[PDB]
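*Asks:* please find the sequence and an experimentally derived structure below.
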Amino acid sequence: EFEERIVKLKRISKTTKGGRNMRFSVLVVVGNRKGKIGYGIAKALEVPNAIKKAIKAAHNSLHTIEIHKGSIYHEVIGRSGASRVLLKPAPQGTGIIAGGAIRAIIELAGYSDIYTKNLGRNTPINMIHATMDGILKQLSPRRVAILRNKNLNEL
Amino acid sequence: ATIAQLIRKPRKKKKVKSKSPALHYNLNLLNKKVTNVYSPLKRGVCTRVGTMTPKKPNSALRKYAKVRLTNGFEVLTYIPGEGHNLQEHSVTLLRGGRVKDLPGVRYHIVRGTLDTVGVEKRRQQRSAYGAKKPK
Amino acid sequence: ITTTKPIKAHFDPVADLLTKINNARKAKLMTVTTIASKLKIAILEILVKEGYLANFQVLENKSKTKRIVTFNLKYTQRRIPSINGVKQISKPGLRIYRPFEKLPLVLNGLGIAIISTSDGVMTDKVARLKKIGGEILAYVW
Amino acid sequence: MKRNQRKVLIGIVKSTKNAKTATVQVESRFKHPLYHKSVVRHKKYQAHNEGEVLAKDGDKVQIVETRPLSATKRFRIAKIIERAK
RNA sequence: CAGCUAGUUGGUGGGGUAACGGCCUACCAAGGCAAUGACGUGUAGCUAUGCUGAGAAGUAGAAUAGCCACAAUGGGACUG
RNA sequence: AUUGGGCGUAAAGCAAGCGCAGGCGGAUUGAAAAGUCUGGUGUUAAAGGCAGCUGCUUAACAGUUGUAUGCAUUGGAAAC
RNA sequence: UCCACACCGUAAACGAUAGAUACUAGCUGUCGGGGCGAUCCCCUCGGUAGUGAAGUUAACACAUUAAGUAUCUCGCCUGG
RNA sequence: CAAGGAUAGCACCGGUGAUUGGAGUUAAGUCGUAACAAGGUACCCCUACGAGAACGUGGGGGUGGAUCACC
Ligand SMILES: [Mg+2]
Ligand SMILES: [Mg+2]
Ligand SMILES: [Mg+2]
Ligand SMILES: [Mg+2]
Ligand SMILES: [Mg+2]
Ligand SMILES: [Mg+2]
Ligand SMILES: [Mg+2]
Ligand SMILES: [Mg+2]
Ligand SMILES: [Mg+2]
Ligand SMILES: [Mg+2]
Ligand SMILES: [Mg+2]
Ligand SMILES: [Mg+2]
Ligand SMILES: [Mg+2]
Ligand SMILES: [Mg+2]
Ligand SMILES: [Mg+2]
Ligand SMILES: [Mg+2]
Ligand SMILES: [Mg+2]
Ligand SMILES: [Mg+2]
Ligand SMILES: [Mg+2]
Ligand SMILES: [Mg+2]
Ligand SMILES: [Mg+2]
Ligand SMILES: [Mg+2]
Ligand SMILES: [Mg+2]
Ligand SMILES: [Mg+2]
Ligand SMILES: [Mg+2]
Ligand SMILES: [Mg+2]
Ligand SMILES: [Mg+2]
């Protein structure tokens, strides 16, 4: 049940020897709401083929996401170009405090309660890149225990 | 910049200017001083009525009026309606606004509140134009 | 132990060590050396205790007039370090003082915060246990 | 007995060019309201050299408040440490 | 807005004030503040608080409550 | 943009230097304790804010209990 | 336009990149001191260039002479 | 002792003013074509002189310049 949702449908174009070639570009986010989510941007002369190619790319590039108590473990800032997205853990009940591309990414990934803020640009592809970078840079509290020879997150 | 630099010369915030300055000047008329007291809408008296041409794209004849308020400021105000009873000398009641076509105009005339008659022959959005309910 | 190259250090003792550690981490370098000060010695002792470094070793000249500390980072088998980032708080000029009530928690407890309250440098958790705070040197996670 | 204690200020004499006076200067390190950094300030208080204290120029002097002896004079000199200049 | 201040700064005797005090008086001195912002100009009752903001804080000082000042304008004084 | 921004090509490195005051500043020892941390005490009027409860047919509202912040003094800590 | 003596004090006065300090792959030239002793070539310490990974950047590009990791101080910017 | 009155010269601020200078905004005005390509004389910066006007020329400075070219 890999649900998908459309984030942006731009109308890009080039110029030829007389006239303009117009193609639709779609930014699709595919997620199973259990820990797998990817993104795919595709261009085609028509919306259906563009959506098909974007879904194919999103399913080709899937990333693994780990959740702690339905939320993100520690506060992080994802950077990608001029877009910086701040994610912050939330207690169970606040729900998704995200809006737009971040909200799409978080819901399709499976997180329940996240605090988010877009501190930079508002271009959906770069916001998605920053969000994915922030979630991917995350550290589990068992990898750090293995690294520092602590006792499975014990004090 | 630097903590010492900001300690010496702190951050100065950019100023904020109003969009309808002429509505916030009050003349005492006894001591003859003008004070800055904010007022939503103000009464004025027209001096010259006529038409202007919209800036680049639009093409029309839009009804303006050179109205002098209860203070000593004379402003160009757009009459918002189809047909008017302005006779180059009347009392109107201006409110804030900004028509994009005419440069220099930054006020509107409330219709059907004072000497200026309301806009009849209107059943849609009439409460903005001052029209009695058909009933 | 014998050396060949001259050894220099910055005037700021916390950020000198932080710059050395961060550059070594980014460049995959393992062993680095610097001039030894007692603040740096104590801070390296607590880093070794918390398990962010393999070893730190102080040395003195033959005339007992100069001391230098050399330490190695703890890399795993696939050569990726245990340190992920360093950020200094109490920089020169603007010194950061926080009471116990506002003692920070770095990365929801994953990292550590170096606090030099009254008994030398001290980790955030032990500072919370002792219910007393002070100068906050750097964030290491 | 129990007597309420006056406030004290320690400073360094900056100048003395009148009759029975010594314009002393006191420094403080008040924090900045916003950037939270200590700032060195300077204020020139005045006192009187009534006697037995002299306290010529350059003398590090302790100062205790008192009932106003005159306009702009509300302080008197006390123990002097590091006698120099 | 770069100099301002001649009761302005300090000392002696006396007077006056509920009280200390150039508050006033006679004499003797030239000092006092100021680039860490005097002085000048403009504006404003101050505060607890109201509204807003995740926070740091922004903004107004409704009602009410604490304090100050005024009673057409400008001075003086009796009773207490 | 202290928390929380920048200055090659988008607004922004003075044409360059000698530099007083200011800001910052190598290593070790001792003292004091001005900053820093912490304990006791006094105070920060009432109303307002937040939490709990009672009464108005429930609410708005009223009442009631708890609830911080800063300053001063005194007693300790000595890492910066 | 040139010379002497007095001013003016501006330039695309540009590396369009303030100064100081510590750290971070390498390769190819060239200039100066020092070590060996025909040149040539080798090593060390510095100056000035090209190429180039990590790293940074909106991109061009910078890349141990940084526009990289950081600190200190000064100057400057806040739509046309 | 002293509010106020009269006289007098300085200090700061405000309104207005014949006439005059420039500026912005303006669907379809006149004169040229200065700039963007080597924009047809490469451009730009400081400066001096001159001309209806964009601008022209002298002095110095830059590449934020086209072609050129090397096995
Ligand atoms: Mg053709
Ligand atoms: Mg005296
Ligand atoms: Mg006296
Ligand atoms: Mg905000
Ligand atoms: Mg009130
Ligand atoms: Mg009122
Ligand atoms: Mg009256
Ligand atoms: Mg009486
Ligand atoms: Mg910016
Ligand atoms: Mg520029
Ligand atoms: Mg320069
Ligand atoms: Mg310049
Ligand atoms: Mg120098
Ligand atoms: Mg100096
Ligand atoms: Mg030191
Ligand atoms: Mg209270
Ligand atoms: Mg109540
Ligand atoms: Mg210039
Ligand atoms: Mg040059
Ligand atoms: Mg290069
Ligand atoms: Mg402007
Ligand atoms: Mg041309
Ligand atoms: Mg030309
Ligand atoms: Mg002619
Ligand atoms: Mg000519
Ligand atoms: Mg020329
Ligand atoms: Mg000729």
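*Replies:* Cool, got the structure. Numbering: from 1, shown residues only, chains lettered A, B, ... in the order given. Ligands and ions are numbered 1, 2, ... in the order given.

*Asks:* figure out the helix or strand that residue B:81 lives in.
*Replies:* Assigned by DSSP states H and E, residue B:81 falls within no helix or strand.

*Asks:* and residue D:10, how many residues sit next to it?
*Replies:* If you count neighbours by other Cβ atoms under 10 Å in any protein chain shown, residue D:10 ends up with 14. (Each C-beta comes from the backbone N, C-alpha and C, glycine too.)

*Asks:* can you name the residues that contact residue D:29?
*Replies:* Residue D:29 sits next to D:38, D:39, D:40, D:41 when contact means Cβ atoms under 8 Å, 6 or more residues apart in numbering or on different chains.

*Asks:* one more time with 7 Å, if that's ok
*Replies:* D:38, D:40 (Cβ atoms under 7 Å, 6 or more residues apart in numbering or on different chains).

*Asks:* what ranges does chain D have for its strands?
*Replies:* D:8-15, D:21-28, D:41-48, D:60-70, D:73-80 (DSSP state E).

*Asks:* off-centre distance for the longest one?
*Replies:* Right, the one you point to is strand D:60-70. Relative to the chain's own centre, strand D:60-70 is displaced by 7 Å; criterion: Cα atoms, centre = their mean, to the nearest Å.

*Asks:* same deal with stretch C:99-110?
*Replies:* For stretch C:99-110, the distance to the chain centre is 18 Å (Cα atoms, centre = their mean).

*Asks:* show me which residues of it are buried.
*Replies:* Buried residues in stretch C:99-110, defined by neighbour count with 16 or more other Cβ atoms under 10 Å in any protein chain shown: C:103, C:106, C:107, C:109, C:110.

*Asks:* swap in stretch B:122-130?
*Replies:* B:122, B:126, B:129, B:130.

*Asks:* what do you get for stretch B:31-51?
*Replies:* So for stretch B:31-51, counting by 16+ other Cβ under 10 Å, buried means B:42, B:44, B:46, B:49.

*Asks:* so does that stretch get close to RNA strand H?
*Replies:* No - Stretch B:31-51 stays clear of RNA strand H (Cβ under 7 Å from any atom of the strand), getting no nearer than 8.9 Å.

*Asks:* what's next to that stretch, contact-wise?
*Replies:* With Cβ under 7 Å, 6+ apart, stretch B:31-51 has contacts from B:23-27, B:61-71, B:86, B:88-95, B:110.

*Asks:* circling back: looking at the strands of chain D, spot the one closest to RNA strand G.
*Replies:* strand D:41-48 (16.7 Å; Cβ to the nearest atom of the strand).

*Asks:* what residue in chain C is the furthest from its centre?
*Replies:* residue C:63 (27.1 Å; Cα atoms, centre = their mean).

*Asks:* residue C:141 versus that residue, what's the distance?
*Replies:* 40 Å (Cβ to Cβ, to the nearest Å).

*Asks:* how about residue A:34, what does it touch?
*Replies:* Taking Cβ under 7 Å, 6+ apart, one finds residue A:110 in contact with residue A:34.

*Asks:* please redo it, this time with the cut-off set to 10 Å
*Replies:* For residue A:34, the contact set (Cβ atoms under 10 Å, 6 or more residues apart in numbering or on different chains) comprises A:1, A:2, A:65, A:67, A:109, A:110.

*Asks:* pick the one among the residues you listed closest to residue A:136.
*Replies:* The closest of those to residue A:136 turns out to be residue A:65 (Cβ to Cβ; 8.4 Å).

*Asks:* tell me how many other residues surround that closest one.
*Replies:* Other residues close to residue A:65 by other Cβ under 10 Å number 22.

*Asks:* what sits against it?
*Replies:* Residues in contact with residue A:65 (Cβ under 10 Å, 6+ apart) are A:31-32, A:34-37, A:72, A:105-106, A:108-111, A:132, A:135-136, A:138.

*Asks:* how about residue C:30?
*Replies:* C:24, C:54, C:71, C:72, C:73, C:74, C:75, C:79, C:81.

*Asks:* switch to 6 Å and redo it
*Replies:* Counting by Cβ atoms under 6 Å, 6 or more residues apart in numbering or on different chains, residue C:30 touches C:72, C:73.

*Asks:* how close does it get to residue C:21?
*Replies:* 12 Å.

*Asks:* what do you get for residue B:65?
*Replies:* Distance from residue B:65 to residue C:21, by Cβ to Cβ: 74 Å.

*Asks:* the two: which is more packed in?
*Replies:* residue B:65 (26 against 23).

*Asks:* ok, that one touching residue B:77?
*Replies:* Yes - contact between residue B:65 and residue B:77 holds when scored by Cβ atoms under 6 Å: they sit 5.3 Å apart.

*Asks:* list the contacts of residue 85.
*Replies:* Went with chain A since none was named. A:78, A:102, A:118, A:130, A:131, A:134.

*Asks:* meant chain C, my bad for not saying
*Replies:* By Cβ under 6 Å, 6+ apart, the neighbours of residue C:85 are residue C:141.

*Asks:* same check on residue C:48?
*Replies:* Under the criterion of Cβ under 6 Å, 6+ apart, the contact list for residue C:48 reads residue C:56.

*Asks:* before we move on, back to that, can you flag which of the contacts of stretch B:31-51 belong to strands?
*Replies:* B:25-27, B:62-69, B:91-95.

*Asks:* for chain C, what's its nearest residue on chain D.
*Replies:* Closest residue of chain D to chain C, Cβ to the nearest Cβ: residue D:37 (5.7 Å).

*Asks:* okay, now that residue: neighbour count?
*Replies:* Every residue meeting other Cβ under 10 Å relative to residue D:37 is counted, giving 15.

*Asks:* and the helices in chain B?
*Replies:* All helices of chain B, identified by DSSP state H, fall at B:3-8, B:126-129.

*Asks:* looking at the ones you listed, which is nearest to residue C:58?
*Replies:* Closest among those, using Cβ to Cβ: helix B:3-8, at 33.8 Å.

*Asks:* quick one: name the residues of chain D near RNA strand F.
*Replies:* So chain D meets RNA strand F at D:5, D:7, D:29, D:31, D:34, D:35, D:36, D:37, D:38, D:40 (Cβ under 7 Å from any atom of the strand).

*Asks:* bridged to residue A:6, which residues?
*Replies:* residue A:28 (DSSP bridges).

*Asks:* contact partners for the closest residue to residue B:72 other than its chain neighbours?
*Replies:* Among residues not flanking residue B:72 along the chain, residue B:27 sits closest, at 6.0 Å (Cβ to Cβ, 6 or more residues apart in numbering or on different chains). Each residue near residue B:27 by Cβ under 6 Å, 6+ apart is listed here: B:34, B:71, B:72.

*Asks:* show me which of the residues you listed is closest to chain C.
*Replies:* residue B:34 (46.8 Å).

*Asks:* how near is the closest residue to chain A within chain B to residue D:34?
*Replies:* Chain A sits closest to residue B:11 of chain B, with a gap of 19.9 Å, by Cβ to the nearest Cβ. For residue B:11, the distance to residue D:34 equals 9 Å [Cβ to Cβ].

*Asks:* okay, these two: which has more neighbours?
*Replies:* residue D:34 (10 against 7).

*Asks:* which residues touch the residue in chain A that chain D sits nearest to?
*Replies:* At 22.5 Å from chain D, residue A:119 is the closest residue in chain A, using Cβ to the nearest Cβ. Shown in contact with residue A:119 (Cβ under 6 Å, 6+ apart): A:84, A:86.
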